[PDB]
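**Student:** Got a structure for you, written out below as structure tokens; questions coming shortly.
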Amino acid sequence: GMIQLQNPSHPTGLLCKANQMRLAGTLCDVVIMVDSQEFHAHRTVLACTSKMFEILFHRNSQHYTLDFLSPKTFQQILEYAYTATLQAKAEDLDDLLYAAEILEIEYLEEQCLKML
Ligand SMILES: [Mg+2]
């Protein structure tokens, strides 16, 4: 007979380790520059979070500069991507919507749209 196992804590635990890796900078494979500020991250997490990054990463530069947002906004979207949670001042909502729109993060775009 067949056997089956399911762990509903895997997706979340997996993302948790990934964030822990990004904080220690372990196995990072891409550098995103934002206003002369370097961010080390994982292509896979970013590409699965944003269709914009999925497309962009087919260049294989391992290094990319973003001009549509400030390092603060990016750090804000990086945290969301790695923790599924975003913290931001009400005064940043516009900045986030503009970037979420370009990055195509449906959830951030939806929420920011409602909140405004
Ligand atoms: Mg800039």
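Numbering starts fresh at 1 for the residues of each chain in the structure tokens, the chains themselves are lettered A, B, ... in the order given, and ligands are numbered from 1 as they appear.
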Report as a ChimeraX atom specification which protein, DNA and RNA residues come within 9 Å of ligand 1, using only C-alpha atoms and all ligand atoms.

**Tutor:** /A:34-36,66-71

**Student:** Go through chain A and collect every residue that DSSP, computed from the backbone, puts in helix (DSSP H, G or I); the answer should be as a ChimeraX atom specification.

**Tutor:** /A:10-24,43-49,51-59,71-83,90-103,106-114

**Student:** In Å, how far is it from CA of residue 106 (chain A) to CA of residue 24 (chain A)?

**Tutor:**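 Computing it gives 28.4 Å between the two atoms.
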
**Student:** Check the DSSP output for the backbone and give back, as a VMD selection string, the residues of chain A in strand (DSSP E).

**Tutor:** chain A and resid 30 to 33 38 to 41 63 to 65

**Student:** How would the residues just picked look written out with C-alpha atoms as a PDB file, in the first residue's frame?

**Tutor:**
```
ATOM      1  CA  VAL A  30      22.757  38.022  -5.884  1.00  0.00           C
ATOM      2  CA  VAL A  31      23.465  41.624  -4.988  1.00  0.00           C
ATOM      3  CA  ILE A  32      20.777  44.247  -5.465  1.00  0.00           C
ATOM      4  CA  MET A  33      22.010  47.832  -5.373  1.00  0.00           C
ATOM      5  CA  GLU A  38      24.227  46.750  -1.217  1.00  0.00           C
ATOM      6  CA  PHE A  39      21.742  43.980  -0.411  1.00  0.00           C
ATOM      7  CA  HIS A  40      22.740  40.306  -0.525  1.00  0.00           C
ATOM      8  CA  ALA A  41      19.857  37.887  -1.121  1.00  0.00           C
ATOM      9  CA  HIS A  63      24.425  42.092  -9.715  1.00  0.00           C
ATOM     10  CA  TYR A  64      21.509  44.468 -10.367  1.00  0.00           C
ATOM     11  CA  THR A  65      20.673  48.119  -9.707  1.00  0.00           C
TER      12      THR A  65
END
```

**Student:** Do a neighbour search on region 74-80 of chain A at 12 Å with only C-alpha atoms, toss out local chain neighbours closer than 5 positions, and write the hits as a PyMOL selection string.

**Tutor:** chain A and resi 15-16+18-20+22-23+32-35+37-43+45-47+49-50+65-69+85-89+92-93+95-101+103-105+107-109

**Student:** Take the residues from that selection and write them out as a compact mmCIF listing (two decimals), in the first residue's frame, keeping N, CA and C atoms.

**Tutor:**
```
# COMPACT_ATOMS: atom_id res chain seq x y z
N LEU A 15 11.04 29.06 4.89
CA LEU A 15 11.23 30.50 4.68
C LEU A 15 11.99 31.09 5.85
N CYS A 16 11.77 30.52 7.04
CA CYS A 16 12.43 30.97 8.26
C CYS A 16 13.94 30.77 8.20
N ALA A 18 15.65 30.43 5.44
CA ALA A 18 16.11 31.27 4.34
C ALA A 18 16.39 32.69 4.84
N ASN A 19 15.52 33.19 5.71
CA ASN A 19 15.70 34.53 6.24
C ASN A 19 16.92 34.53 7.15
N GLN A 20 17.10 33.45 7.91
CA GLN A 20 18.24 33.32 8.81
C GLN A 20 19.53 33.29 7.99
N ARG A 22 19.87 34.69 4.96
CA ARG A 22 20.06 36.01 4.37
C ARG A 22 20.65 37.00 5.36
N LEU A 23 20.31 36.83 6.63
CA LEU A 23 20.80 37.71 7.67
C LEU A 23 22.27 37.44 7.95
N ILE A 32 21.69 43.25 -4.94
CA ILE A 32 20.78 44.25 -5.46
C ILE A 32 21.23 45.59 -4.90
N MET A 33 21.57 46.51 -5.79
CA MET A 33 22.01 47.83 -5.37
C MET A 33 20.83 48.78 -5.40
N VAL A 34 20.66 49.55 -4.33
CA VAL A 34 19.59 50.53 -4.25
C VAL A 34 20.16 51.81 -3.65
N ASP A 35 20.33 52.83 -4.49
CA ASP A 35 20.88 54.11 -4.05
C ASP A 35 22.23 53.91 -3.38
N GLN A 37 23.54 51.28 -2.05
CA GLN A 37 23.44 50.47 -0.84
C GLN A 37 23.35 49.03 -1.31
N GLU A 38 24.22 48.16 -0.80
CA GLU A 38 24.23 46.75 -1.22
C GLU A 38 23.36 45.82 -0.36
N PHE A 39 22.63 44.95 -1.04
CA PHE A 39 21.74 43.98 -0.41
C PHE A 39 22.05 42.58 -0.96
N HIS A 40 22.45 41.67 -0.09
CA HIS A 40 22.74 40.31 -0.53
C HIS A 40 21.49 39.48 -0.27
N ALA A 41 21.06 38.70 -1.26
CA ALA A 41 19.86 37.89 -1.12
C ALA A 41 19.93 36.62 -1.97
N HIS A 42 18.82 35.89 -2.04
CA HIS A 42 18.77 34.66 -2.80
C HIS A 42 17.88 34.81 -4.02
N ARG A 43 18.43 34.57 -5.20
CA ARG A 43 17.67 34.69 -6.45
C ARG A 43 16.32 33.97 -6.37
N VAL A 45 14.31 33.15 -3.80
CA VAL A 45 13.28 33.77 -2.97
C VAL A 45 12.72 34.99 -3.68
N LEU A 46 13.59 35.83 -4.22
CA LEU A 46 13.16 37.04 -4.91
C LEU A 46 12.37 36.73 -6.18
N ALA A 47 12.82 35.76 -6.96
CA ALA A 47 12.14 35.41 -8.20
C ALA A 47 10.78 34.78 -7.98
N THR A 49 8.89 35.54 -5.46
CA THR A 49 8.10 36.61 -4.87
C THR A 49 7.69 37.66 -5.91
N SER A 50 8.55 37.89 -6.90
CA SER A 50 8.26 38.90 -7.91
C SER A 50 8.56 38.42 -9.32
N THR A 65 20.98 46.82 -10.30
CA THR A 65 20.67 48.12 -9.71
C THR A 65 19.20 48.45 -9.94
N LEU A 66 18.51 48.88 -8.89
CA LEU A 66 17.09 49.24 -9.00
C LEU A 66 16.94 50.75 -8.86
N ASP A 67 16.20 51.37 -9.77
CA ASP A 67 16.01 52.82 -9.73
C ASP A 67 14.61 53.31 -9.35
N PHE A 68 13.68 52.40 -9.09
CA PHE A 68 12.32 52.80 -8.79
C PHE A 68 11.98 52.88 -7.32
N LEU A 69 12.98 52.77 -6.46
CA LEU A 69 12.70 52.82 -5.03
C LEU A 69 13.92 53.12 -4.20
N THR A 85 6.00 39.21 6.32
CA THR A 85 5.51 40.31 7.13
C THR A 85 6.23 41.60 6.79
N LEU A 86 5.45 42.67 6.65
CA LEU A 86 5.97 43.98 6.31
C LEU A 86 5.64 45.03 7.38
N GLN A 87 6.64 45.83 7.72
CA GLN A 87 6.48 46.90 8.70
C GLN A 87 6.82 48.19 7.96
N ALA A 88 5.93 49.18 8.03
CA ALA A 88 6.15 50.44 7.34
C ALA A 88 5.26 51.58 7.86
N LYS A 89 5.80 52.79 7.84
CA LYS A 89 5.09 53.99 8.29
C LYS A 89 3.95 54.30 7.33
N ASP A 92 4.72 55.80 4.10
CA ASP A 92 5.54 55.06 3.13
C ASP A 92 4.66 54.30 2.15
N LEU A 93 3.38 54.18 2.48
CA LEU A 93 2.44 53.43 1.66
C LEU A 93 2.49 53.74 0.17
N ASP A 95 5.07 55.00 -1.53
CA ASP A 95 6.35 54.50 -2.00
C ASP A 95 6.27 52.99 -2.24
N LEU A 96 5.64 52.28 -1.32
CA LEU A 96 5.51 50.83 -1.41
C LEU A 96 4.62 50.39 -2.55
N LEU A 97 3.52 51.10 -2.74
CA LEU A 97 2.60 50.75 -3.80
C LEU A 97 3.28 50.92 -5.15
N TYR A 98 4.04 51.99 -5.28
CA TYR A 98 4.75 52.26 -6.52
C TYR A 98 5.72 51.12 -6.84
N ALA A 99 6.46 50.65 -5.83
CA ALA A 99 7.42 49.57 -6.01
C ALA A 99 6.75 48.19 -6.12
N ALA A 100 5.69 47.96 -5.35
CA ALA A 100 4.97 46.68 -5.38
C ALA A 100 4.34 46.49 -6.75
N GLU A 101 3.95 47.61 -7.35
CA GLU A 101 3.33 47.65 -8.67
C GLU A 101 4.31 47.20 -9.75
N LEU A 103 7.24 45.59 -9.11
CA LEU A 103 7.73 44.26 -8.73
C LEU A 103 6.65 43.20 -8.91
N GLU A 104 5.41 43.66 -9.06
CA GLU A 104 4.27 42.77 -9.24
C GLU A 104 3.96 41.86 -8.06
N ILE A 105 4.06 42.42 -6.87
CA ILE A 105 3.75 41.67 -5.67
C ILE A 105 2.27 41.96 -5.47
N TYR A 107 -0.07 40.92 -3.55
CA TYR A 107 -0.54 41.17 -2.20
C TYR A 107 -0.23 42.57 -1.69
N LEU A 108 1.00 43.03 -1.88
CA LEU A 108 1.37 44.36 -1.40
C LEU A 108 0.65 45.44 -2.19
N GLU A 109 0.44 45.17 -3.47
CA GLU A 109 -0.25 46.10 -4.36
C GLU A 109 -1.72 46.20 -3.97
```
